[PDB]
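S.K.: Provided herewith: upload.cif, mmCIF, C-alpha atoms.
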data_my_file
loop_
_atom_site.group_PDB
_atom_site.id
_atom_site.type_symbol
_atom_site.label_atom_id
_atom_site.label_comp_id
_atom_site.auth_asym_id
_atom_site.auth_seq_id
_atom_site.Cartn_x
_atom_site.Cartn_y
_atom_site.Cartn_z
ATOM 1 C CA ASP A 1 -23.877 -15.924 208.124
ATOM 2 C CA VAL A 2 -25.792 -13.298 206.059
ATOM 3 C CA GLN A 3 -29.546 -13.925 205.540
ATOM 4 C CA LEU A 4 -31.843 -11.574 203.611
ATOM 5 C CA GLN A 5 -35.606 -12.228 203.642
ATOM 6 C CA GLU A 6 -37.911 -10.207 201.326
ATOM 7 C CA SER A 7 -41.652 -9.780 201.950
ATOM 8 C CA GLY A 8 -44.619 -7.616 200.946
ATOM 9 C CA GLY A 9 -44.926 -8.665 197.310
ATOM 10 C CA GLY A 10 -48.439 -8.949 195.870
ATOM 11 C CA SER A 11 -50.818 -8.153 192.994
ATOM 12 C CA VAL A 12 -51.593 -4.495 192.548
ATOM 13 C CA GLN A 13 -53.246 -2.539 189.754
ATOM 14 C CA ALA A 14 -51.385 0.084 187.666
ATOM 15 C CA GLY A 15 -51.385 3.464 189.441
ATOM 16 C CA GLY A 16 -51.135 1.848 192.855
ATOM 17 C CA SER A 17 -48.368 1.526 195.291
ATOM 18 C CA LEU A 18 -46.695 -1.244 197.267
ATOM 19 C CA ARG A 19 -44.087 -1.516 199.959
ATOM 20 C CA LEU A 20 -41.451 -4.273 200.056
ATOM 21 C CA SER A 21 -39.478 -5.221 203.124
ATOM 22 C CA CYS A 22 -36.205 -7.019 203.429
ATOM 23 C CA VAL A 23 -35.147 -8.211 206.848
ATOM 24 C CA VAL A 24 -31.442 -8.752 207.229
ATOM 25 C CA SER A 25 -29.564 -10.962 209.602
ATOM 26 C CA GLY A 26 -25.795 -11.199 210.164
ATOM 27 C CA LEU A 27 -24.842 -7.641 208.995
ATOM 28 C CA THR A 28 -25.657 -4.195 210.205
ATOM 29 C CA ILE A 29 -27.359 -2.658 207.127
ATOM 30 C CA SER A 30 -26.047 0.899 207.919
ATOM 31 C CA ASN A 31 -22.501 -0.255 207.107
ATOM 32 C CA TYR A 32 -23.194 -1.584 203.621
ATOM 33 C CA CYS A 33 -24.622 -0.701 200.293
ATOM 34 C CA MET A 34 -28.044 -2.365 200.396
ATOM 35 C CA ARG A 35 -29.719 -2.913 197.089
ATOM 36 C CA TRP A 36 -32.883 -3.698 195.302
ATOM 37 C CA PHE A 37 -32.773 -5.652 192.030
ATOM 38 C CA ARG A 38 -35.565 -7.149 190.003
ATOM 39 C CA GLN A 39 -36.122 -9.740 187.325
ATOM 40 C CA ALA A 40 -39.065 -9.202 184.940
ATOM 41 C CA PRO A 41 -40.470 -12.281 183.173
ATOM 42 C CA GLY A 42 -37.999 -13.616 180.617
ATOM 43 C CA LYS A 43 -35.607 -10.758 181.281
ATOM 44 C CA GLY A 44 -32.281 -10.560 182.996
ATOM 45 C CA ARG A 45 -32.018 -9.322 186.528
ATOM 46 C CA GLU A 46 -31.750 -5.501 186.681
ATOM 47 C CA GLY A 47 -30.676 -2.979 189.376
ATOM 48 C CA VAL A 48 -33.508 -0.851 190.885
ATOM 49 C CA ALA A 49 -32.264 1.080 193.886
ATOM 50 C CA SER A 50 -29.520 1.167 196.335
ATOM 51 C CA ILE A 51 -28.557 2.995 199.497
ATOM 52 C CA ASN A 52 -25.043 3.672 200.794
ATOM 53 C CA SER A 53 -23.909 3.770 204.471
ATOM 54 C CA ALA A 54 -24.699 7.536 204.591
ATOM 55 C CA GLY A 55 -28.267 6.658 203.592
ATOM 56 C CA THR A 56 -27.956 8.347 200.212
ATOM 57 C CA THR A 57 -30.130 6.564 197.632
ATOM 58 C CA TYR A 58 -29.629 5.982 193.893
ATOM 59 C CA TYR A 59 -32.376 4.772 191.568
ATOM 60 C CA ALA A 60 -32.615 3.348 188.081
ATOM 61 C CA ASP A 61 -33.797 5.744 185.336
ATOM 62 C CA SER A 62 -37.056 3.869 184.862
ATOM 63 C CA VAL A 63 -38.121 4.158 188.525
ATOM 64 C CA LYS A 64 -36.580 7.375 189.849
ATOM 65 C CA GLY A 65 -39.123 9.686 191.479
ATOM 66 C CA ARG A 66 -41.727 6.916 191.818
ATOM 67 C CA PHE A 67 -39.768 4.437 193.911
ATOM 68 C CA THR A 68 -38.016 5.204 197.168
ATOM 69 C CA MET A 69 -35.753 3.071 199.312
ATOM 70 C CA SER A 70 -35.124 3.480 203.009
ATOM 71 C CA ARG A 71 -33.805 1.801 206.034
ATOM 72 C CA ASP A 72 -34.817 1.107 209.660
ATOM 73 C CA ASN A 73 -31.730 0.441 211.701
ATOM 74 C CA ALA A 74 -33.447 -0.784 214.888
ATOM 75 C CA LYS A 75 -35.089 -3.575 212.816
ATOM 76 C CA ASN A 76 -32.178 -4.076 210.439
ATOM 77 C CA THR A 77 -34.633 -3.923 207.608
ATOM 78 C CA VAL A 78 -34.651 -2.214 204.203
ATOM 79 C CA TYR A 79 -37.716 -1.043 202.265
ATOM 80 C CA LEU A 80 -38.770 -0.145 198.823
ATOM 81 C CA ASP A 81 -41.821 2.115 198.480
ATOM 82 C CA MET A 82 -43.211 1.773 194.982
ATOM 83 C CA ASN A 83 -45.588 4.524 193.977
ATOM 84 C CA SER A 84 -47.438 4.829 190.612
ATOM 85 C CA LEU A 85 -46.696 1.262 189.660
ATOM 86 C CA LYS A 86 -46.874 0.314 185.970
ATOM 87 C CA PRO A 87 -47.337 -3.004 184.151
ATOM 88 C CA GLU A 88 -43.531 -2.948 183.425
ATOM 89 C CA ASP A 89 -42.735 -3.054 187.143
ATOM 90 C CA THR A 90 -43.948 -6.714 187.217
ATOM 91 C CA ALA A 91 -41.075 -8.783 188.445
ATOM 92 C CA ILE A 92 -39.467 -10.682 191.215
ATOM 93 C CA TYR A 93 -37.827 -8.098 193.416
ATOM 94 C CA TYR A 94 -34.670 -9.247 195.196
ATOM 95 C CA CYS A 95 -32.834 -7.493 198.028
ATOM 96 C CA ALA A 96 -28.998 -7.676 198.406
ATOM 97 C CA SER A 97 -26.137 -6.380 200.511
ATOM 98 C CA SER A 98 -22.711 -5.647 198.943
ATOM 99 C CA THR A 99 -21.179 -7.719 201.629
ATOM 100 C CA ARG A 100 -17.749 -8.143 199.986
ATOM 101 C CA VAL A 101 -16.935 -4.476 199.421
ATOM 102 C CA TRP A 102 -14.819 -2.628 201.990
ATOM 103 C CA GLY A 103 -16.546 0.745 202.186
ATOM 104 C CA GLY A 104 -20.105 1.895 202.628
ATOM 105 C CA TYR A 105 -20.358 3.213 199.021
ATOM 106 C CA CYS A 106 -22.413 1.833 196.175
ATOM 107 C CA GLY A 107 -21.250 0.187 192.994
ATOM 108 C CA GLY A 108 -23.231 1.028 189.869
ATOM 109 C CA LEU A 109 -26.969 0.276 189.986
ATOM 110 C CA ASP A 110 -26.482 -2.646 187.561
ATOM 111 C CA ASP A 111 -23.622 -4.135 189.584
ATOM 112 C CA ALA A 112 -24.666 -7.546 190.692
ATOM 113 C CA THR A 113 -21.150 -8.561 191.829
ATOM 114 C CA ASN A 114 -20.003 -8.695 195.516
ATOM 115 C CA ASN A 115 -23.444 -9.445 196.944
ATOM 116 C CA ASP A 116 -25.208 -11.793 199.256
ATOM 117 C CA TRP A 117 -28.749 -12.186 197.992
ATOM 118 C CA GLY A 118 -32.233 -12.916 199.289
ATOM 119 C CA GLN A 119 -34.743 -15.240 197.694
ATOM 120 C CA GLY A 120 -36.995 -12.734 195.948
ATOM 121 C CA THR A 121 -40.612 -11.582 196.298
ATOM 122 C CA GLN A 122 -43.224 -11.516 193.424
ATOM 123 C CA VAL A 123 -44.845 -8.268 192.328
ATOM 124 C CA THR A 124 -47.558 -8.415 189.736
ATOM 125 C CA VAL A 125 -48.998 -5.231 188.277
ATOM 126 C CA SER A 126 -52.127 -5.643 186.135
ATOM 127 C CA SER A 127 -53.258 -3.117 183.501
#
Can I see the file as structure tokens?
M.R.:
Amino acid sequence: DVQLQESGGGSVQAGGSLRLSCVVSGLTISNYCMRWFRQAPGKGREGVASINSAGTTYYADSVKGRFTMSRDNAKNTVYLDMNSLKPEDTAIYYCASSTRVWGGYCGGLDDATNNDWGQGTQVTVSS
């Protein structure tokens, strides 16, 4: 039974940084593509970052450089470090594992199929 629990969302001002956490239960996160998605207000859910079993990371065009994803295997937890946040980063950030893919590789960033999903965490970035 795969459970993902996000935390660390909050209000921050543009320029600032935040760190999100996603604690995973029922899977070893090293063996899967783990992912961050987000849904901005009124918008469809979008891919943000992902990390394959080799710990290689891929990032969406709009966040590359600024955002970084990593992994802590002893805690079975996945992080997103968001640096130089902008008003457009305001969204519910959701963590996911590509549970139903055989392989440790990642689908495309915007590939919301094959996943178990957490519940989301709110990030608000004021001007």
S.K.: Could you give me, as a list in words, the residues that have an atom at most 12 Å away from the point (-16.7, -9.5, 192.7) in the coordinates of the file, using all atoms listed in the file?
M.R.: residues 98, 99, 100, 101, 102, 107, 111, 112, 113, 114, 115 and 116 of chain A
S.K.: Nearest residue to residue A:21 out of A:40, A:51, A:95, A:34, using only C-alpha atoms?
M.R.: A:95
S.K.: Evaluate the PyMOL selection byres ((chain A and resi 126) around 10) on the structure here and hand back the selected residues as a ChimeraX atom specification.
M.R.: /A:11-15,85-90,123-125,127
S.K.: Once the PyMOL selection byres ((chain A and resi 39) around 9) has been evaluated on this model, what residues remain selected, and can you format them as a ChimeraX atom specification?
M.R.: /A:37-38,40-47,90-94
S.K.: Based on the selection just made, write C-alpha atoms of those residues as a compact mmCIF listing (two decimals), keeping the file's coordinate frame.
M.R.:
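Printed below is part.txt as written:
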# COMPACT_ATOMS: atom_id res chain seq x y z
CA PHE A 37 -32.77 -5.65 192.03
CA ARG A 38 -35.56 -7.15 190.00
CA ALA A 40 -39.06 -9.20 184.94
CA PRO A 41 -40.47 -12.28 183.17
CA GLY A 42 -38.00 -13.62 180.62
CA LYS A 43 -35.61 -10.76 181.28
CA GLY A 44 -32.28 -10.56 183.00
CA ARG A 45 -32.02 -9.32 186.53
CA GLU A 46 -31.75 -5.50 186.68
CA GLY A 47 -30.68 -2.98 189.38
CA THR A 90 -43.95 -6.71 187.22
CA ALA A 91 -41.08 -8.78 188.44
CA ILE A 92 -39.47 -10.68 191.22
CA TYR A 93 -37.83 -8.10 193.42
CA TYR A 94 -34.67 -9.25 195.20
S.K.: With a distance cut-off of 7 Å and all atoms listed in the file, select the neighbouring residues of residue A:26, excluding the residue or stretch itself and same-chain residues fewer than 5 positions from it, and output the selection as a CSV table (one decimal) with C-alpha atoms, in the coordinates of the input.
M.R.:
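around28.csv was written with the following content:
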chain,number,residue,atom,x,y,z
A,1,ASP,CA,-23.9,-15.9,208.1
A,2,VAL,CA,-25.8,-13.3,206.1
A,3,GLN,CA,-29.5,-13.9,205.5
S.K.: Give me the box for stretch 54-60 of chain A as lines of an AutoDock Vina configuration file, namely the centre and edge lengths in Å to one decimal of a box along x, y and z that holds every listed atom plus 5 Å on each side.
M.R.:
center_x = -28.7
center_y = 5.8
center_z = 196.3
size_x = 17.9
size_y = 15.0
size_z = 26.5
S.K.: Would you mind reading off the distance between atom CA of residue A:23 and atom CA of residue A:110, one decimal, in Å?
M.R.: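 Computed distance, atom CA of residue A:23 to atom CA of residue A:110, equals 21.9 Å.
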S.K.: Write out as a ChimeraX atom specification the residues lying within 8 Å of stretch 68-80 of chain A, counting only C-alpha atoms and excluding same-chain residues fewer than 5 positions away.
M.R.: /A:19-25,28-30,34,36,49-51,55,57,59
S.K.: I'd like the interatomic distance between atom CA of residue A:121 and atom CA of residue A:17, to a tenth of an Å.
M.R.: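 Atom-to-atom, atom CA of residue A:121 to atom CA of residue A:17, that is 15.3 Å.
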S.K.: Name the residues that the PyMOL selection byres ((chain A and resi 53) around 6) pulls out of this structure, and write them as a list in words.
M.R.: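 When the PyMOL selection byres ((chain A and resi 53) around 6) is applied to the shown file, the picked residues are residues 30, 31, 32, 52, 54, 55 and 104 of chain A.
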S.K.: Using all atoms listed in the file, which residue out of A:83, A:56, A:62, A:122 lies closest to residue A:106?
M.R.: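 Closest to residue A:106, using all atoms listed in the file: A:56.
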S.K.: Tell me which of A:109, A:60, A:18, A:96 sits closest to residue A:4, counting all atoms listed in the file.
M.R.: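 Looking only at the distances to residue A:4, the closest residue turns out to be A:96.
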S.K.: Could you work out how far atom CA of residue A:58 lies from atom CA of residue A:9, giving the answer in Å with one decimal?
M.R.: 21.5 Å
S.K.: With distances taken over all atoms listed in the file, which residue among A:84, A:120, A:48, A:64 lies nearest residue A:108?
M.R.: A:48
